[PDB]
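Protein chains in written order, with the numbering used here: chain D, 358 to 406; chain B, 47 to 96.
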Amino acid sequence: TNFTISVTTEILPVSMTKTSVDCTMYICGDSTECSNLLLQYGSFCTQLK
Amino acid sequence: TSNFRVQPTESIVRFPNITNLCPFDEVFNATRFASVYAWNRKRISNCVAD
Ligand SMILES: *[C@@H]1O[C@H](CO)[C@@H](O[C@@H]2O[C@H](CO)[C@@H](O)[C@H](O)[C@H]2NC(C)=O)[C@H](O)[C@H]1NC(C)=O
Ligand SMILES: *[C@@H]1O[C@H](CO)[C@@H](O)[C@H](O)[C@H]1NC(C)=O
């Protein structure tokens, strides 16, 4: 015989912060011998990027 | 495609600070030295050698 009007919240995630990483900087950074050594691993850094 | 970073040039930190803690001049500048049969044995540690 009657009715009521109610408002309910519904939170849904959409995205997060976009993240980018440099492999040679994160692993060792400013080391030349490390830089020459990492190129023998193939396209791991390219795949991650 | 790549990353941007500049390279360092020189490697200097603060200054030297040794000051030869141990007096090597005491054992090296002496008016009397030991003999071959009885040689004075000196142990030097916790200092800096220059
Ligand atoms: C249906 O419900 C509403 C609220 O739940 C009723 O409205 C109330 O009515 C009384 C007297 O009739 C007032 O004193 C209140 O202030 C009203 N509430 C509001 C929020 O305005 C309504 O009367 C009900 N209808 C029936 C047919 O029962
Ligand atoms: C210490 O050495 C210097 C240079 O070798 C010398 O002139 C001086 O006489 C020495 N000191 C003593 C007490 O002999």
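A virtual CB, placed ideally from N, CA and C, is assigned to each residue, including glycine.
Nearest to residue i by CA position, among the options, is which residue?
| i | options | result |
| --- | --- | --- |
| D/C402 | D/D379, D/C391 and D/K375 | D/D379 |
| B/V52 | D/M382, D/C391, D/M373 and D/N393 | D/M382 |
Cβ atoms of residue j and residue i: under 8 Å apart, would you say?
| i | j | result |
| --- | --- | --- |
| B/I58 | B/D96 | no |
| D/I384 | D/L395 | yes |
At a CB distance below 7 Å, what residues from the stretch 49–72 of chain B approach chain D? Give them in sequence order. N49
Check distances from the C-beta atoms of the stretch 359–385 of chain D to those of chain B and list, in chain order, the residues that come in under 7 Å. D379 and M382
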